[PDB]
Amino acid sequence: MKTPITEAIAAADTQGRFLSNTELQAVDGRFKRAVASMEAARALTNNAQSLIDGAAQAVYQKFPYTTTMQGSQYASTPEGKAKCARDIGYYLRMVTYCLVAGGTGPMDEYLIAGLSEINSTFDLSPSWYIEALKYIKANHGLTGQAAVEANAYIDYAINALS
């Protein structure tokens, strides 16, 4: 799983070399950034149900055809409305996981790998999730570098859907 630490290790191992100062600097930078990172993760987690419930309604409001058009892939149903909310919480959870790990790893392994395959196969549209992520950005309440940290990973998810 890609983190600043496993990447520093991976680099030494690929060259058959003990860790060097080169790498210890990387991890220190991770440790010092971690203060901002876990703040943001804490704040997003403590207020996840609001962010989730509000990001779902946000998608419905922008693509209201997703609330009425017939089909499995739509939040036309109770089951559909529940799926959509489930998916959105997944993206939120993964954002917090990246903040804890200080890297994209968790999102890469658990969500982005296979993302295009799943959306094409189940006729889910990326712009749906893009709007939910926009909403999370706009309403996490974060300030300072805690906010920069959160939005880095939210924009990564968005890039990935684009």
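Each residue number is its position in the shown sequence, starting from 1.
Stretches compared: 102-110, 47-55. Higher mean C-alpha B-factor in the entry: 47-55.
As recorded in the PDB entry, 63-71 is the stretch of 23-31 and 63-71 with the greater mean C-alpha temperature factor. For residue 93, the recorded CA B-factor ranks within the lowest third of the chain. Only modelled residues enter the ranking.
The deposited CA B-factor of residue 135 belongs to the middle third of values across its chain. Ranked by C-alpha B-factor against the other modelled residues of its chain, residue 122 falls in the highest third.
The PDB entry assigns residue 150 a C-alpha temperature factor belonging to the lowest third of its chain's modelled residues. The PDB entry assigns residue 115 a C-alpha temperature factor belonging to the lowest third of its chain's modelled residues.
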